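Novice: Quick one, structure for this:
(chains A, B, C, D and E, ligands or ions: 5)
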Amino acid sequence: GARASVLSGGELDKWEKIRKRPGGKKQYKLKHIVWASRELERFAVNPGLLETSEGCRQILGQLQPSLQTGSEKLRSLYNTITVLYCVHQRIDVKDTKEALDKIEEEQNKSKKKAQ
Amino acid sequence: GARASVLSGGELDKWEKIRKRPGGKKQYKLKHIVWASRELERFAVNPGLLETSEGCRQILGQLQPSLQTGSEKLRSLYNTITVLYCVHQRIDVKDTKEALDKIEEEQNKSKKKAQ
Amino acid sequence: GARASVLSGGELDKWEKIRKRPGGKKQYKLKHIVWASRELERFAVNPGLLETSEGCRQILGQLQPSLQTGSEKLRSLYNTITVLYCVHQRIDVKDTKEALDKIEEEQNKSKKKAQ
Amino acid sequence: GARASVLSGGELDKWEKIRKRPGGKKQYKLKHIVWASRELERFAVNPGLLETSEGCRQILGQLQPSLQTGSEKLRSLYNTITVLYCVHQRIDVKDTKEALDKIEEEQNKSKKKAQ
Amino acid sequence: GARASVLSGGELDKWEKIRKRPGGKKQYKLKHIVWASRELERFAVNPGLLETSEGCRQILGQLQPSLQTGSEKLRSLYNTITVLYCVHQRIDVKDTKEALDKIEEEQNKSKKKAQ
Ligand SMILES: *C(=O)CCCCCCCCCCCCC
Ligand SMILES: *C(=O)CCCCCCCCCCCCC
Ligand SMILES: *C(=O)CCCCCCCCCCCCC
Ligand SMILES: *C(=O)CCCCCCCCCCCCC
Ligand SMILES: *C(=O)CCCCCCCCCCCCC
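Specialist: Numbers count the residues shown, from 1 in each chain, chains lettered A, B, ... in the order given. Ligands and ions are numbered 1, 2, ... in the order given. Shown next is the structure:
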C-alpha cells in the first residue's frame, strides 16, 4: 500500500521536481526526508508525524517562537517540513518560495476562521 | 517517508493486526493490497486511490450497487477496501466485523446530516 | 436429490427443446449456463443468482442499461437469463423471442405495482 | 462502406496529424482505433457502433460510470474515442486540448435546453 | 472504424440483400460501389457526398429535373443513390422500388412542410 507514494505523479515523484530557489535549477531530493527523522528523534519528537499533513502541521506549529532566531539547519528543517505539508496537501509547488507562500495562504485561510 | 508508516501506530503497523474471520486466527496482510490493486486494474479503476480515506470511500461508493449480486471476490474486495478505509481513518478495529460496524455506523451518522 | 438432474418432462428436458433464435432449428445447451457463469465471474457477479428468479431479476436489471449498445454475447446472455427466468417461473416458451415477450409482459405488470 | 476513412483528405489522414500536446512530437496513429475495438469487446460493448457518430457518443456515455475514479488506460481510451468522435463529426481540431474543448463547447448549445 | 460496414448486419451487408428487381432474386454488390465510383469520376462528381443522406439528397435534387431525358445509366445512378440513401437511414428495404418510393414518400411530408 505504501507504493502509492512512488506512483507516477505521486508524492515522491512530485517532491523531486521542486526547485530550491524561485528561478534556480537545483532540486529537492528525498534524502532530506530521511534526514528530518533523525533530527526529530534527537529533540525527542515523533517522526511518525511526517506521514500526513495533520501530523506535519503539529511540528510546524511547535517551532514558531524558536524559528525567528533559529540556526540555518533549523530554518532549513522548517522549510523541508513546509514542503512536506504542501506535498501532503496536494499542492504542486514549483519551488521553496511558492511552498512558503502556500503556507502563508494556508495559515491566513486557517487563522481567519479560528480567532 | 514511508518509514513513518511502519513505525508503531502508523498505517502499515495497524493494517496487519486486523482479523479476517471474527473468531479466525488469520489477519489481513499486504498481499491483499496487491490483489485489490490487480482487481481494480481489471475493473479499469485507479489503484492510487488506495492512498487515502476519501479514495477508498469513493471505491466503496462505486462498488455498492454491485454488492447485492456480487461474488466472493467482490465481497472480499469490499471488505479489503473497508479495512483500508478504517486504517486511514485511524480507527482501532480488531476485525472485519468491527470494520463493517464502522461503515454502517458512519453511514447512518452521515444520513442524519444529509437531510 | 441429484436424481432430479435427469427429470423427464422437467425444466432441463425443456431447456434442450427451446430454440436459440426464433425461426432457427437449434436449441439451448447446458454448457451455455457454464459459459454464463464464467462471463459473470469476470464481471465479479455471484453465479448462484442463476439458480433463483430473485437473482435472475437482478441480473437482468443490471444488464438492461448496457443492452442497447451491448455486444451480441451480452444480448445472448440477456436472452439466456430471460429463458432461465421463464423456466424458474414455469412458463412454457418455445424460443428466445417468445421468452422475451413473456418476460416483458410479466415485468410490465410488475412496474405498475412498484411505486 | 466508409473506405474513404483511410484515403488522403479523409478521417485517418487528419487523425495522424492530431498532436498529443499542442505542438507535441507525437501524433495519434491508426492502431489506437484497432486497439479500442478490442478493448470494447472485453467490456462487452458492440464494435459495430464505431462507424457512426451517435454510436460513438453512446459508447462515450457507457464509459462514464468508471471514468471518474478510472485508470490511466481508461481515461486515455475515453479521450482517444473523444478525438475520434470529433473526427466523425468532421471537426478539424488543432490538437488534443481542442478535442476536449469541443465536447464541452458543442454541448453548451444543447445543455441550454435543460435549464 | 470502417469495419462495421463489412461486419455482418452492417451497411454493406444490408446493401447486398436488396433486390435489383422488385420481386427479383439478384441483388446489389460491393462491385456496384466500384462501378458507381467509376461513373462519378466521368462527370467529375465528388464521392464524399455518398457518405451521408444529406449529400445523396443534394445529388438526387440535381438529378431529378434531368431524369425525364436521361439514359438507362442516368436512371440506374438515380436508383443507386436512392438505395444508398435508404441504407444510410438504415432502412432494411426488400428492393430498389421500395427505396424509390421512400424518396417520393418523404416529399409527401417534407415538401408539404417546405411551403
Ligand atoms: C501495498 O501495496 C502492499 C505492500 C507489499 C508487501 C509485498 C506484497 C507481495 C505480493 C505478492 C503477490 C501475492 C498474491 C496476491
Ligand atoms: C522515507 O522514509 C524514505 C525511506 C527510504 C527507505 C525505506 C526502507 C524500507 C522501509 C520499510 C521497512 C518495513 C519493514 C517491515
Ligand atoms: C439432493 O440431493 C439435494 C442436494 C442437491 C445438490 C445439487 C445437485 C446437483 C446435480 C446436478 C445438476 C445439474 C444441472 C444442470
Ligand atoms: C466499406 O466501404 C468498408 C471498408 C472496411 C474494410 C475493413 C477490412 C480491411 C481493412 C481496411 C483498412 C486498412 C487500412 C490500412
Ligand atoms: C476503423 O475500424 C479503422 C480500421 C483500420 C484497420 C487497419 C488494419 C491494419 C492491418 C495491418 C496488418 C499488418 C501489415 C504489415
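Novice: all contacts plus neighbour counts: C-alpha atoms, from now on.
Specialist: Will do.
Novice: Contacts only, for the closest residue to ligand 3 within chain A.
Specialist: Closest approach of chain A to ligand 3 (C-alpha to the nearest ligand atom) occurs at residue A:1, with a separation of 41.0 Å. For residue A:1, the contact set (C-alpha atoms under 8 Å, 6 or more residues apart in numbering or on different chains) comprises B:30, B:33, B:34, B:50, B:51.
Novice: number of nearby residues for the fourth one?
Specialist: One way to gauge burial is a neighbour count; for residue B:50, by other C-alpha atoms under 10 Å in any protein chain shown, it gives 24.
Novice: now it, nearest residue through space, not along the chain?
Specialist: Sequence neighbours aside, residue B:56 is the residue nearest to residue B:50 in space, at 5.4 Å (criterion: C-alpha to C-alpha, 6 or more residues apart in numbering or on different chains).
Novice: Over to the second one?
Specialist: For residue B:33, ignoring the flanking residues on the chain, the nearest one in space by C-alpha to C-alpha, 6+ apart is residue A:1 at 6.0 Å.
Novice: And residue A:100, by the same measure?
Specialist: Closest residue to residue A:100 apart from its sequence neighbours, by C-alpha to C-alpha, 6+ apart: residue A:82 at 7.0 Å.
Novice: got a list of what the one you found touches?
Specialist: Going by C-alpha under 8 Å, 6+ apart, residue A:82 touches A:60, A:99, A:100, A:103.
Novice: can you dump the C-alpha coordinates of the host helix or strand of it into CSV?
Specialist: If you go by DSSP states H and E, residue A:82 is part of helix A:72-88. Listed next in CSV are the C-alpha coordinates belonging to helix A:72-88 (Å, rounded to 0.1, in the frame of the first residue of the first chain):
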residue,chain,number,x,y,z
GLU,A,72,20.4,27.7,9.3
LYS,A,73,19.7,23.9,10.0
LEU,A,74,16.6,24.7,12.0
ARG,A,75,15.2,27.2,9.3
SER,A,76,16.1,24.6,6.6
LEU,A,77,14.3,21.8,8.5
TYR,A,78,11.3,24.1,8.9
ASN,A,79,11.4,24.7,5.1
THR,A,80,11.8,20.9,4.5
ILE,A,81,8.7,20.1,6.6
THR,A,82,6.9,23.1,4.9
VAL,A,83,7.3,21.3,1.6
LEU,A,84,6.1,18.0,3.1
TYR,A,85,3.0,19.8,4.3
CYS,A,86,2.5,21.4,0.8
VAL,A,87,3.1,18.0,-0.9
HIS,A,88,0.7,16.2,1.5
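Novice: Name the next helix or strand downstream of it, please.
Specialist: Per DSSP H and E, helix A:72-88 leads on to helix A:96-112 as the next helix or strand towards the C-terminus.
Novice: got the angle for that next one vs helix A:72-88?
Specialist: Helix A:96-112 runs at 70 degrees relative to helix A:72-88, counting by axes from the mean of the first three to the mean of the last three C-alpha atoms, to 10 degrees.
Novice: before we move on, back to that, looking at the contacts of residue A:82, spot the one nearest residue D:91.
Specialist: Nearest to residue D:91 among the contacts of residue A:82: residue A:99, at 42.1 Å, using C-alpha to C-alpha.
Novice: give me the number of residues near that closest one?
Specialist: As a burial measure, residue A:99 scores 23 neighbours (other C-alpha under 10 Å).
Novice: one step back: tell me the two of the contacts of residue A:82 that are most distant?
Specialist: A:60 and A:99 (13.3 Å).
Novice: before we move on, what SS does the residue in chain A positioned nearest to chain E have?
Specialist: In chain A, the residue that lies nearest chain E is residue A:8 (32.6 Å; C-alpha to the nearest C-alpha). Here residue A:8 takes the coil state, with states given by DSSP: H, G, I helix; E, B strand; the rest coil.
Novice: Specify the local secondary structure of residue A:55.
Specialist: Under three-state DSSP, the three-state class of residue A:55 is helix.
Novice: Quick check: it touching residue A:46?
Specialist: No. Using C-alpha atoms under 8 Å as the test, residue A:55 is too far from residue A:46 to be in contact (9.5 Å).
Novice: Look up how far chain C lies from residue A:89.
Specialist: 35 Å (C-alpha to the nearest C-alpha, to the nearest Å).
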